[PDB]
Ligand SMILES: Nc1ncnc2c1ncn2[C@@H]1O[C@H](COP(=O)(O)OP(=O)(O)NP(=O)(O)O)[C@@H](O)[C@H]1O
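First comes one chain, alone, set out as structure tokens in the form solved without the ligand.
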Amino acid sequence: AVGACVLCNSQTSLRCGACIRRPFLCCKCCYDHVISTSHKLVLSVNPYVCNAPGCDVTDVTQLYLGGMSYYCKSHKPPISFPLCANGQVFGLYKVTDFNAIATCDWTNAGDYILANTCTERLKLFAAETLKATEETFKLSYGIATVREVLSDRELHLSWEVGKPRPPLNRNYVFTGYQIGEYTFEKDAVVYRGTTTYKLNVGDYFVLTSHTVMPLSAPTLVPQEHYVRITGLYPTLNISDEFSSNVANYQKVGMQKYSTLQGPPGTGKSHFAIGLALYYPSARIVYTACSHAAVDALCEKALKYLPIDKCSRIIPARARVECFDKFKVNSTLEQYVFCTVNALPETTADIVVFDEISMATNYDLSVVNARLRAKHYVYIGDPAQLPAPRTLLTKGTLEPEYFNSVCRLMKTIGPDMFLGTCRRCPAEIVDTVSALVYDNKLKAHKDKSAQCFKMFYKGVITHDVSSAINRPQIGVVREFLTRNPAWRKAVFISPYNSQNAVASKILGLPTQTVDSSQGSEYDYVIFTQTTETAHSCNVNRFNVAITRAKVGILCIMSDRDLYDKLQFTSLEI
């Protein structure tokens, strides 16, 4: 019970017993906490509760010190001192923002704003607290039981009465019972098992709530600026292919950490892998939150880096199919590609953390705790999608509040910015450059004259809360008959239920805006489906239209985003 104050580091025997994390609070801070919030239980070796038998007084403001013991106003001895007095709570070794983080339910955006504007120790407190709250919320959902098995990829479920049903999509991974993790999509429903198993009737599935470990390392280490490249040894013979990033690679060796903003198709993977060719002796650990982002770094490394010095770290609890061309789980190889949740405890000359808009402050801290590096490089784009905040229902979370890295990129600017989009036809580059990049993103490709927009509200239907717009899919079908080259297009929408309907009617491969991030396709057909804050989110809109290399067809619902699209308008 002897620890350090989460607000001023002063040693104390006190912990808040009403806080879900039970943080150590010193005498000065513990008082300021209990007197301002509903939190009145204070813990030490022994809790601050009335020692008199049968007495249920646990409020520290109603308790006193009777010799070396604690009693309430009804049981205290004549010579007794209040525990709460003189701006302090008695203990050993004798904040407005800490109060709000400790008591908030994490359903408002203002909660996440505070979690990113507070001090560094409060960012960790905020991140463990939020993650613990997100986990305890998983238990609130009802158990799903197999009623009947139709085929190898379709079934019917029975839900627990009195408990809400969790939204059916890929963002919700059930744990089957220990018969492997499973996922669901919309009485015909689709079952998806990680471990192949002959679907058992009666066997149940439950969202496996994982334990929230405490945070020790900061989100960002303290920044250091050096006079020369430190601990890294550059080449002189540097491939012309990567010469455009030499000044930026040197910037990386002259700072403890650096931020890189890379809009879609500006060369982020190319920069990440090229940094290994610039410091050829350096041991680089490549990390991201998702397996897809780590796999995209593996694909780029396979093309430029020696395969024998690469290793893809895969957790023994192998959830989904990932990169197979490196030696698996060899932590000591020069190049280690691994998700944040699977990071081993090791050191590196450079740590590259990719897809930074998808990281939370919890992930930022874990990386600093498992990896001790000479240099840390954060790559991503705050104009792209953030990690889903399952508890957030009220307010919109702005890019400067995604995490510490995003906050820096939106306030003091990124250290480096990849200014030329090489993927998209100019119509798309011109649209997103004005929308989210302050006109600083430039097009490399010409206008393709294959970027179309159509304003068509259709009819909005719902599969619970996930939306469907069948008339917008009907407009796509009409378009495909008249433009059969577009049959090679990927259908994209902000809703999985819209995607499910379009998969059956159009036969095109399907992808939500959120799962399309990081990928590129020749042709994209996007239906906005609705005009909600979700389908109108500028970061989501930016990701949606920057997936295309050649052509895009946008069937729009919102007049605003439709008018901003610098595309050829279509009629019907």
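Here, rigid core means the biggest group of C-alpha atoms that superpose within 1.5 Å across both forms. Residue numbers run from 1 along the displayed sequence.
Beyond what is shown, the protein has a form deposited with the ligand bound; the following relates to that form.
By the criterion of a heavy atom within 4.5 Å, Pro399 is excluded from the residues contacting the ligand in the entry with it bound. Contact check for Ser519: a heavy atom falls within 4.5 Å of the ligand in the entry with it bound. Although the partner is absent here, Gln384 is a contact residue: one of its heavy atoms lies within 4.5 angstroms of the ligand in the entry with it bound. Although the partner is absent from this view, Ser258 stays clear of the ligand in the entry with it bound, with no non-hydrogen atom inside 4.5 angstroms. In summary, among the residues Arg470, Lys300, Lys457, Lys309, the only one with a non-hydrogen atom within 4.5 Å of the ligand in the entry with it bound is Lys300. Checked against the ligand in the entry with it bound, the residues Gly253, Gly265, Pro166, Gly274 give one hit for a heavy atom within 4.5 Å, which is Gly265. Heavy atoms within 4.5 Å of the ligand in the entry with it bound belong, among the stretches 266 to 274, 103 to 111, 194 to 202, 151 to 159, to residues of 266 to 274.
The residue among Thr396, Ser281, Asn200, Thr411 whose Cα moves by 2 angstroms or more between the shown form and the other one, once the core is superposed, is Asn200.
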